[PDB]
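Residues per chain, in single letters:
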Amino acid sequence: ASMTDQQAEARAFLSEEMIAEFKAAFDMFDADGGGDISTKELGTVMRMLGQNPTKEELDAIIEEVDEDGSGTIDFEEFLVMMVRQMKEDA
Ligand SMILES: [Ca+2]
Ligand SMILES: [Ca+2]
């Protein structure tokens, strides 16, 4: 019954103690209660760096990490992102 191997793999790698470390910084990113992020809400935290983004450019940014269809970035997708680099060296 292995169809969603994508995120299923990141869940087994990251325990409850490690998942908690991201729990705090997860709601920070969203800022809409803490359930699922978006392309607009995300653009805000990204700006903190020191640049000037746009609505059109943000939709391409997520287009990278959004190979599902939903369009949002729920807790059951953010963990798959960070996990990708964790693998070996990346
Ligand atoms: Ca939201
Ligand atoms: Ca998604």
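Residues numbered from 1 in each chain as written, not as in the entry; some residues may be left out. Chains lettered and ligands numbered in written order. Heavy atoms only, no water.

- The name recorded for the protein chain in the PDB entry is TROPONIN-C, from Gallus gallus.
- As recorded in the PDB, the entry bears the title "STRUCTURES OF THE APO AND CALCIUM TROPONIN-C REGULATORY DOMAINS: THE MUSCLE CONTRACTION SWITCH".
- UniProt's Function comment on the protein chain is quoted here verbatim: "Troponin is the central regulatory protein of striated muscle contraction. Tn consists of three components: Tn-I which is the inhibitor of actomyosin ATPase, Tn-T which contains the binding site for tropomyosin and Tn-C. The binding of calcium to Tn-C abolishes the inhibitory action of Tn on actin filaments."
- Quoted straight from UniProt, the Sequence similarities entry for the protein chain says "Belongs to the troponin C family." (UniProt positions renumbered as here; feature names shortened; annotations may be inferred.)

1. A word on helix α2 (residues 16-30)
Thinking step 1. Here α2 is 15 residues long and its end C-alpha atoms lie 21 Å apart, about the 21 Å a rise of 1.5 Å per residue gives.
Thinking step 2. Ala31 sits one or two residues past α2 and shows a positive phi near 80°. (Helix = DSSP H or I, 4+ residues; strand = E, 2+ residues; numbered from the N terminus. Expected span 1.5 Å × (residues − 1).)

2. Looking at the side chain of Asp66
Thinking step 1. As for its position among the elements, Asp66 is in the loop between α4 (55-64) and β2 (73-74).
Thinking step 2. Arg84 provides the closest opposite charge to the buried, unpaired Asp66, separated from it by 9.6 Å.
Thinking step 3. Once residues lying within four places of it in the same chain are set aside, the contact partners of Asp66 are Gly71, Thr72 and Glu77. (Buried < 20%, exposed > 50% of the residue type's maximum accessible area, 1.4 Å probe, protein only. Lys, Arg positive; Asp, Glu negative; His and termini not counted. Salt bridge = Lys/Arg side-chain N within 4 Å of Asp/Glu carboxyl O. Contact = heavy atoms within 4.5 Å.)

3. Looking at the coordination of the calcium ion (ligand 2)
Thinking step 1. Those protein atoms acting as donors to the calcium ion (ligand 2) are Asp66 (OD), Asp68 (OD), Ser70 (OG), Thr72 (O), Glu77 (OE) and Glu77 (OE), and they sit at 2.3 to 2.7 Å.
Thinking step 2. Site description for the calcium ion (ligand 2): donor spacing in sequence, D-x1-D-x1-S-x1-T-x4-E.
Thinking step 3. Judged by its relative accessible area of 43%, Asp68 is partly exposed.
Thinking step 4. A relative accessible area of 6% places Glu77 in the buried class. (Donors = N, O, S within 2.8 Å, 3.2 Å for Na, K, Ca; no water.)

4. Some words on a negative patch on the surface
Thinking step 1. Together, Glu56, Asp59, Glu63 and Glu64 give the surface a local cluster of negative charge.
Thinking step 2. With respect to the secondary-structure elements, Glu64 resides in helix α4. (Patch = residues over 30% accessible without salt bridge, like charges linked within 9 Å, V, L, I, M, F, W, Y side chains within 5 Å. Areas by Shrake-Rupley, 256 points an atom, 1.4 Å probe, with all protein chains shown as cover. Charge placed at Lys NZ, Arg CZ, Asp CG, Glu CD.)

5. Describing the packing of helix α1 (residues 5-13) against helix α5 (residues 75-86)
The packing of two helices is summarised by the inter-axis angle and the distance between the axes.
Thinking step 1. At their nearest, the axes of α1 and α5 sit 8 Å apart, and the two run at 75° to each other. When the axis of α1 is compared with that of α5, the two are roughly perpendicular. Residue-level inspection shows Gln6, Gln7, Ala10 and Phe13 of α1 in contact with α5, the latter providing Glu76, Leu79, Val80, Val83 and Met86.
Thinking step 2. Of the residues that constitute the contact of α1 with α5, the class distribution is 6 nonpolar, 2 polar and 1 charged. (Axes fitted to C-alpha atoms, helices over the stretch in contact; angles between N-to-C directions. Parallel < 35°, antiparallel > 145°, perpendicular 65-115°, else oblique. Nonpolar A, V, L, I, M, F, W, Y, C, P; charged D, E, K, R; others polar.)

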